[PDB]
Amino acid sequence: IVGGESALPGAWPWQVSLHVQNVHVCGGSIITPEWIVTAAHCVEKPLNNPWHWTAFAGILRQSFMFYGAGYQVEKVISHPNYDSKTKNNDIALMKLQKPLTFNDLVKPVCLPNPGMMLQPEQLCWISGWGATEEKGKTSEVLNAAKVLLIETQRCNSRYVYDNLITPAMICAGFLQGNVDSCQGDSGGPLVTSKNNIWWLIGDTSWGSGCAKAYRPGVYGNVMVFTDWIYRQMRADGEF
């Protein structure tokens, strides 16, 4: 996260740190005790195998994510229409071998409903252990920042992303830069508050640099993916 601040315990209880070989690789968002939403580009081969992955919940500091204490991942599912070259449909699901135990530090975020009637420049939050400036290292502590939605028509302007933003994509941040997600935040949450409920609107997907002018963050449009998510969840329930 660029231009944010360190998070307090329980501030973003759905945030998880996803590890491979005992190091943070990507972020994710808890939606049920077993299911985590992340980005498809995080689980490209050879990282498509679930046994590589462990999730850490309710912990702010990477130093405090002890090897062997993370929740082992049982299943990894990339969106079937994911295109690695264009990053279209950049969403993936991660199912844990053991269910999480919810508390003041670990809670799920709500999946978005149709008819949210979000404002065009809706006020949102992003969080993660991504670098605090472009090409920096993973952050030791969890950070968070406020960003605004950017209408797709404006985001597809010739001066911004020039027709790269698909209906499976949403833009959030600032055209002046300065505040943005960054390397390491991928797969983590883009959330908004409405009707006193926190909703998962996006998962951190891609961008040109971090916090650069006219280069805002791009996020998977979770609203477009809820059908697929429910289907994977329901199919698993038929164990």
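Only the largest set of C-alpha atoms that superpose within 1.5 Å between the two forms is called the rigid core. Residue indices: 1-based, along the sequence shown.
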| item | value |
| --- | --- |
| More variable segment, 60-68 or 42-50 [Cα RMS over structures in 7 other deposited structures of this protein, core-superposed] | 60-68 |
| 66-74 set against 34-42, stretch whose average Cα temperature factor tops the other in the entry | 66-74 |
| Per the entry, higher mean C-alpha B factor between 126-134 and 96-104 | 96-104 |
| Given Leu190, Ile59, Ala213, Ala55, the residue at which the Cα B factor reaches its maximum | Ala213 |
| Third of the chain's Cα B-factor distribution that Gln183 belongs to, per the entry | middle |
| Modelled-residue ranking by C-alpha temperature factor, third containing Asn22 | highest |
| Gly237 CA temperature factor, ranked by third within the chain | highest |
| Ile170 - Cα temperature factor, lowest/middle/highest third of chain | middle |
| Chain thirds of CA B-factor: placement of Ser29 | lowest |
